[PDB]
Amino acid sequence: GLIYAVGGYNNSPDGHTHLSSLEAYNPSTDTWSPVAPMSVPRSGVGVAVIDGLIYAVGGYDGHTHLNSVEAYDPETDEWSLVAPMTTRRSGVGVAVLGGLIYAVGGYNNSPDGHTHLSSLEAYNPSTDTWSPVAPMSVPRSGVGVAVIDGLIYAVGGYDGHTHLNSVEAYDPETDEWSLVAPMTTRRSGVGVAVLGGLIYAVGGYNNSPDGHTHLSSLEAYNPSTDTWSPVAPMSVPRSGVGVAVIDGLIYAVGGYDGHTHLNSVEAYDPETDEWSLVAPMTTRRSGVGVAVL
């Protein structure tokens, strides 16, 4: 298994650069190497893995919030466009469940001006069709998404005015969302991982009476008791961070710390409750999507 870092944004070497590039991490050798770029730059992109392909969903190309979607085959090192979403979405969460790809929330400015989204749509690869399903209780851009126990959890995000600690779960069998316990910390631009039966919320950003803050903290959700609790923080704050789970570790990839778009990467072992730095990406990337394949 490799970790892929997809798209993102940086200022290095060029200011305000939205990225089409892809790089792959081999955990066995602790090395990153470039692979084929996407058809368009995508920051705030969502990523899904199904049928041996990486799907890059939505994002922002530097000018336009995207409804387009493209799929990467690692066997051929080639991207192919598939059917676009019905709604343009950057800062979008993406989940795979029941053989479908779900696009969750996000942001656009095309149809009805500046819009943070509560809507949900589902892609069936066997029909190459996107279908709207039930919306969330609140708009969420910069939302993290987890799949566990047959449910999609939407974690945190930004509703257009407030950075959210709320969390809600979608059951595809009933087409209904239900609120669960909120996180202790409000987090937009948050990464999410499922490991060991727990959902981890990684980093993110929020506001306070004393100002805005990028977060190094993590908290873990226990679905059996509907409770969140802190675990060890990362070495650096990361919002707009990508998260991967492989071989029993959570990898935090890139992000923005409030001052620097990060190329650094670190891995968390739940058994030790400790983070360890691993090799940095070749490219700095915030608003990055991450996939394991």
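Start at 1 with the first residue shown and count on from there.
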item: Segment of higher mean CA temperature factor, 74-82 or 156-164; value: 74-82
item: Which of 190-198 and 207-215 has higher mean CA B factor, as the PDB entry lists it; value: 207-215
item: Deposited CA B-factor, highest of 222, 119, 174, 90; value: 174
item: Record-listed C-alpha B factor of residue 253: chain third; value: lowest
item: Lowest, middle or highest third - CA B-factor, residue 41; value: middle
item: Entry-reported Cα temperature factor of residue 64, expressed as the chain third it lands in; value: highest
item: Lowest, middle or highest third - CA B-factor, residue 11; value: highest
item: Residue 19 CA temperature factor, ranked by third within the chain; value: lowest
